[PDB]
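Participant: First, the structure itself, so that you have it in front of you.
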Amino acid sequence: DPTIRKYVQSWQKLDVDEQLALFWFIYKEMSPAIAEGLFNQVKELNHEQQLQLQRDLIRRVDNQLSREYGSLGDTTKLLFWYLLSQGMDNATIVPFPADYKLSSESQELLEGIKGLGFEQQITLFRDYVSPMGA
Ligand SMILES: CC1=C(/C=C/C(C)=C/C=C/C(C)=C/C=C/C=C(C)/C=C/C=C(C)/C=C/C2=C(C)CCCC2(C)C)C(C)(C)CCC1
């Protein structure tokens, strides 16, 4: 389980967009009210602002939405990130680009994360999204 922190640290060394790409592809290889609430504030924005929030959450930017995120529990935070992925498959959230290919480093992490067990993956994801926001 020290290997989980290494995934988190490796994940946190990538570019912000690279991080979001890795998170999205993992989603393709696979408290709710509070999450649905924050999720509504997201899809109520313009598609561009939807992108800037997710970046701002990874960058720990200090704004109102990041503060709300940062004030939630780990479970809610991860559920929020799930509803974002669902909102993207349903075209509710700004879509993901087809022509994006993962860096050599990212594809290594992904296959490495494909090796972990479902519960270690959940543990990984919770720790990755837990310190985001403000
Ligand atoms: C590419 C790019 C972009 C974008 C991107 C994005 C936007 C992404 C996103 C991504 C995402 C948005 C992702 C997500 C993910 C999610 C996930 C991965 C989730 C998971 C979850 C889970 C795992 C859960 C579990 C559970 C529950 C539900 C609760 C408790 C119990 C259990 C455990 C069952 C742009 C446009 C700028 C362009 C350039 C770059």
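Residues in the structure tokens are named by chain (A, B, ... in the order shown) and by number from 1 within that chain; ligands are numbered from 1 in the order shown.
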Select the residues contacting ligand 1 at a distance of at most 9 Å, based on only C-alpha atoms and all ligand atoms, then format the selection as JSON, numbers by chain.
Facilitator: {"A": [16, 17, 18, 19, 20, 21, 22, 23, 24, 25, 26, 27, 28, 29, 30, 32, 48, 50, 51, 52, 54, 55, 75, 76, 78, 79, 80, 81, 82, 83, 84, 85, 86, 87, 88, 93, 94, 95, 96, 97, 98, 99, 100, 101, 118, 119, 121, 122, 123, 125, 126]}
Participant: How would you write, as an MDAnalysis selection string, the set of residues in chain A that DSSP gives as helix (DSSP H, G or I)?
Facilitator: chainID A and resid 2:12 16:28 32:43 47:58 64:70 74:89 104:115 118:129
Participant: Excluding residue A:132 and any residue of its chain fewer than 6 positions from it, enumerate the residues within 7 Å of it, using only C-alpha atoms, and give them as a PyMOL selection string.
Facilitator: chain A and resi 57-58+60+70
Participant: Restricting the calculation to only C-alpha atoms, which member of A:133, A:2, A:117, A:112 is positioned closest to residue A:72?
Facilitator: A:133
Participant: Which value, in Å to one decimal, gives the distance between atom CA of residue A:11 and atom CA of residue A:73?
Facilitator: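 Computing it gives 20.6 Å between the two atoms.
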